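Peer 1:
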Amino acid sequence: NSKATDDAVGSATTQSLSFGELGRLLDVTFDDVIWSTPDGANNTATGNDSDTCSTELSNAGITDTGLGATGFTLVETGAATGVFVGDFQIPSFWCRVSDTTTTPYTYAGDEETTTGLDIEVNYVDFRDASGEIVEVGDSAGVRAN
Amino acid sequence: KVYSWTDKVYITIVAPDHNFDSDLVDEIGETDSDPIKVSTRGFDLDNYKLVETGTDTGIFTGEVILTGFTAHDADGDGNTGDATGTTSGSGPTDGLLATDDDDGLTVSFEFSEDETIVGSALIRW
Amino acid sequence: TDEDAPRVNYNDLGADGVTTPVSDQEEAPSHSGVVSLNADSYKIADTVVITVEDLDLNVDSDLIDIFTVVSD
Amino acid sequence: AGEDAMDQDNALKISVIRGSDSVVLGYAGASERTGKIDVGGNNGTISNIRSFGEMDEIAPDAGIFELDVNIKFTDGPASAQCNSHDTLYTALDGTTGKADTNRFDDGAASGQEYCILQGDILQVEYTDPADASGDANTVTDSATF
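Protein chains in written order, with the deposited numbering: chain F, 868 to 1012; chain X, 1374 to 1498; chain E, 796 to 867; chain B, 1085 to 1229.
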């Protein structure tokens, strides 16, 4: 929670630069908001009701409260393939981050259903083809019937 | 164009400007900055959400049911309560509105501040 | 049959890490027992034989299923 | 390819309507519990309503959930046409009494008894937690006695 790269792929060590966070490798965002599990002392918000977001997620039975909870990690396909494959299951309920301008993140007091929201990933590329930092990601939507 | 009481109306809005994200079903009427105002000649609902039919269609669809008023014996058996008169609902599908037997529906949409596009309907037997 | 068919349940930890269950079911319907005689007419001591075809009376694939006659 | 159950609490409502009066048979989707019969949804407390449990999926790859519920001849709106029988009401709660309050939240009006007549409409209420728009949605199906 102390580091600014919480719930992000990478390393605990992180330095702030003009291109973002050094320790931030890959992030998954719902509605362009990073999916993070409520933790620390900044998750005391309860929202419109008296139930905290973490307690609401626990009551809903969603153990996938964040990227770290799911255990999602990147693993190479082979010894020298150079292609990394990682996966996780989309939860029915997620806790929206109220603001990303503070560490640890301050989470909203109520959860919302992920259906209809657009799920977007962002892989931070330290060296592009010309050998510099280029931000690339993909987009998808959480369908519902 | 013409409705009776205890009837449901499907509200459709073609607003390509509000299709903010192609992979996200956009919504309107949620906040006070972008309000949706449904109203009769005496009753109204505030902050009524509307939902896009598709992820990248640009058309918003939602329905409200006119619950009428409970002060009438429509069945003629001699007791009130024929229609559960109640004004409630804020989502795109659970809107409930009370409406007199002689009233008029009004739906107003805002696309920019101090600018509003409105729709009208009438209620008869 | 249909929604009430015997279904076996088995939890599993998937490759992603969730404990999603995997289940399979197979219908166990019944059959209309048909009993008939080998001939339309029989003589005295003609050794009539009763053939009963009904798969639901088989209660073991190993042992030979038999049905005695009550003497009481 | 696995077992699924509709675990949403009280998402399904089963009710019988005769004109301007309505009576609810119970609720489905939550944990099975003992409860009485409410008339017109007057009882604000939902824990006192009978629960039929979670619906079970018909096939591992179907997505359709079926629940078997039986309706007694007493499970209907009160009317004076049924005074011909001094009906004994089977208790739905833990008590063994045959009084009216044992099966229904409130006693029937004087001169009237709970019953179902010819032409009564049987309706099922289901609240979808996420439609194609990912919000609350109500769908109904109706049958006529």
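All C-beta atoms in this analysis are idealised placements derived from N, C-alpha and C, irrespective of residue type, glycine included.
Taking its Cβ as the centre, do 16 or more other Cβ atoms sit within 10 Å of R1134/B, making it buried, or is it exposed?
Peer 2: The residue in question, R1134/B, is buried, as its Cβ has 16 or more Cβ neighbours within 10 Å.
Peer 1: In angstroms with no decimal places, state the Cα-to-Cα distance between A834/E and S827/E.
Peer 2: Rounded to the nearest angstrom, the two C-alpha atoms are 21 Å apart.
Peer 1: Which of the three DSSP states is assigned to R1010/F in this structure?
Peer 2: Coil at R1010/F, not helix or strand.
Peer 1: Considering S831/E, what are the terminal residues of the beta strand (DSSP E) in which it resides?
Peer 2: Its beta strand (DSSP E) spans residues 829 to 832.
Peer 1: If we count the other Cβ atoms within 10 Å of its Cβ and call it buried at 16 or more, is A875/F buried or exposed?
Peer 2: Buried, because 16 or more other Cβ atoms sit within 10 Å of the Cβ of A875/F.
Peer 1: Determine, using beta carbons only, whether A1214/B and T982/F come nearer to each other than 8 Å.
Peer 2: For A1214/B and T982/F, yes; Cβs fall inside 8 Å.
Peer 1: Is it true that the CB of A1114/B sits closer than 8 Å to the CB of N1127/B?
Peer 2: Going by C-beta atoms, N1127/B is not nearer than 8 Å to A1114/B.
Peer 1: Taking the CB atoms as reference points, tell me whether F955/F and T944/F lie closer together than 8 Å.
Peer 2: No; because the gap between Cβ atoms is not below 8 Å, this pair is not in contact.
Peer 1: Are the C-beta atoms of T922/F and some chain B residue less than 8 Å apart?
Peer 2: Answer no: the Cβ-Cβ gap between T922/F and chain B never drops below 8 Å.
Peer 1: Can you pull the chain X residues whose beta carbon is under 7 Å from the beta carbon of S965/F, in chain order?
Peer 2: The contacting residues do not exist; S965/F stays about 16 Å from chain X at best.
Peer 1: Using a Cβ cut-off of 8 Å, which residues of the segment 1195 to 1218 of chain B contact any Cβ in chain F, in chain order?
Peer 2: Cβ contacts with chain F: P1213, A1214, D1215, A1216, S1217, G1218.
Peer 1: Find the residues of chain F that neighbour residue 1499/X, judging by a C-beta separation of less than 8 Å, and give them in chain order.
Peer 2: Outside the shown range of chain X (1374 to 1498) lies residue 1499/X, about which nothing can therefore be said.
Peer 1: Name, please, each residue of chain B whose Cβ falls closer than 9 Å to the Cβ of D1448/X.
Peer 2: The answer, in chain order, is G1103, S1104.
Peer 1: Quick one, are the C-beta atoms of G1454/X and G1441/X less than 8 Å apart?
Peer 2: Taking 8 Å as the Cβ cut-off, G1454/X and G1441/X do not qualify as a contacting pair.
Peer 1: Drop a sphere of 10 angstroms on the beta-carbon of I1155/B, count the other beta-carbons inside from all chains shown, and report buried for 16 or more, exposed for fewer.
Peer 2: It counts as exposed.
Peer 1: Determine the extent of the alpha helix (DSSP H) in which residue 1064/F is found, giving its start and end residues.
Peer 2: Past the edges of chain F, shown from 868 to 1012, lies residue 1064/F, and the structure says nothing about it.
Peer 1: Tell me, please, whether the segment 850 to 859 of chain E touches the segment 1165 to 1174 of chain B by the rule of three or more beta-carbon pairs shorter than 8 Å.
Peer 2: No, they do not touch.
Peer 1: Between which two residues does the beta strand (DSSP E) harbouring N804/E extend?
Peer 2: 802 to 806 is the span of the beta strand (DSSP E), which, as asked, contains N804/E.
Peer 1: Would you mind reading off the limits of the alpha helix (DSSP H) that contains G935/F?
Peer 2: Here the alpha helix (DSSP H) through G935/F covers 934 to 937.
Peer 1: Going along chain E in order, which residues have a C-beta closer than 8 Å to the C-beta of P1161/B?
Peer 2: Neighbours of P1161/B on chain E: none; closest Cβ ~31 Å, over 8 Å.
Peer 1: So what's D1417/X in DSSP terms, helix, strand or just coil?
Peer 2: Strand at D1417/X.
Peer 1: Strictly by DSSP, which residues pair up with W961/F?
Peer 2: Bridge partners of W961/F: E979/F.
Peer 1: At which residues does the alpha helix (DSSP H) containing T1430/X begin and terminate?
Peer 2: That residue, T1430/X, is in no alpha helix (DSSP H); it is neither H nor E in DSSP.
Peer 1: For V950/F, which option in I957/F, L941/F, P958/F has the closest C-alpha, if you only look at C-alpha atoms?
Peer 2: Of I957/F, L941/F, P958/F, the residue nearest in Cα terms is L941/F.
Peer 1: From the beta carbon of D797/E, is the nearest beta carbon of chain B less than 8 Å away?
Peer 2: Closer than 8 Å: yes.
Peer 1: Can you tell me the Cα-Cα spacing of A1146/B and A1085/B, whole angstroms?
Peer 2: The straight-line gap from Cα to Cα measures roughly 9 Å.
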